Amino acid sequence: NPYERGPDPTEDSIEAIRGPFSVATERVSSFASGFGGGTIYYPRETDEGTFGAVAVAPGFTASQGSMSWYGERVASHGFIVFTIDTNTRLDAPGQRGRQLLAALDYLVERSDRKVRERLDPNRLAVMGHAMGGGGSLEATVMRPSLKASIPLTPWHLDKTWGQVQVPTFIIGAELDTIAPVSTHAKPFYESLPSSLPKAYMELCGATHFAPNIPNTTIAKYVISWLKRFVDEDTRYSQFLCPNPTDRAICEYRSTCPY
């Protein structure tokens, strides 16, 4: 696999706050086309090859600051991470989906040469919290060539997602009362195609805002999902299949094996 980066993983390595790569940043003006700008986190070391990229959207009435801890943590494992701001704080999930795509197109077409030279434009992914998680679902319908999708405590009014063909990892929060898992996260997961590589992880005692602070349970499996599907890195299947049994997880579902 020409896309494998970093040494062979252990459960300690995927739980490490800092991965094998050092990270630099690049700020993007809000006058970028089609989204509200943001911050690009990228691995500095270039001798292992180019990397895939993930655009990360915040929730309703939130900014990239609520998602900033994903920047260095995920990028240090070998990824370009773009925490974006939206055009307005009130943008809906469909709008956030379009803006995740515009952020990715920015990386491919308009980003700084330091980012462009490190990017593989064929291996892109989306992630989002709350309404941004609904935008992550929307973006996969809008661009089926995406490699992975991670809706974090997602909010969306539409409960059926049977046309998604992008591998999708939904994280729910047990005590979420803003986007309850019974009416958002779980219906979304169950409506994804039964043949799709997918998973649902519910966090014990977590609130709707659990994704907004550093969480090792979230981070270790976000890293494993992006490795498995953006990098085609089967070295990380061991952490995804069979279903994780971490104490912080109160329910896990998957279409393992993959």
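For every residue, the number given is its place in the sequence shown, counted from 1.
A.B. asks: Would you mind comparing 42-50 and 229-237 for me and telling me which has the higher average C-alpha temperature factor in the entry?
C.D. replies: Higher of the two, by average CA B-factor, is 42-50.
A.B. asks: Identify the stretch, either 108-116 or 129-137, whose C-alpha atoms have the larger mean B-factor according to the entry.
C.D. replies: Result of the comparison: 108-116.
A.B. asks: From 184, 96, 147, 77, which pick has the Cα B-factor that tops the rest in the entry?
C.D. replies: Comparing C-alpha B-factors across 184, 96, 147, 77, the top value belongs to 77.
A.B. asks: If you rank the chain by CA B-factor, which third does residue 61 end up in: lowest, middle or highest?
C.D. replies: Its C-alpha B-factor belongs to the highest third of this chain's values.
A.B. asks: Residue 121's Cα B-factor: lowest, middle or highest third of the chain?
C.D. replies: CA B-factor rank for residue 121: highest third.
A.B. asks: Is the Cα B-factor recorded for residue 199 in the lowest, middle or highest third of its chain?
C.D. replies: Bottom third by C-alpha B-factor.
A.B. asks: Should residue 87 be placed in the lowest, middle or highest third of its chain by the C-alpha B factor in the entry?
C.D. replies: Middle third.
A.B. asks: Based on the entry's values, in what third of the chain does the Cα temperature factor of residue 160 lie: lowest, middle or highest?
C.D. replies: For residue 160, whose C-alpha B-factor we compare with every modelled residue in the chain, the answer is the highest third.
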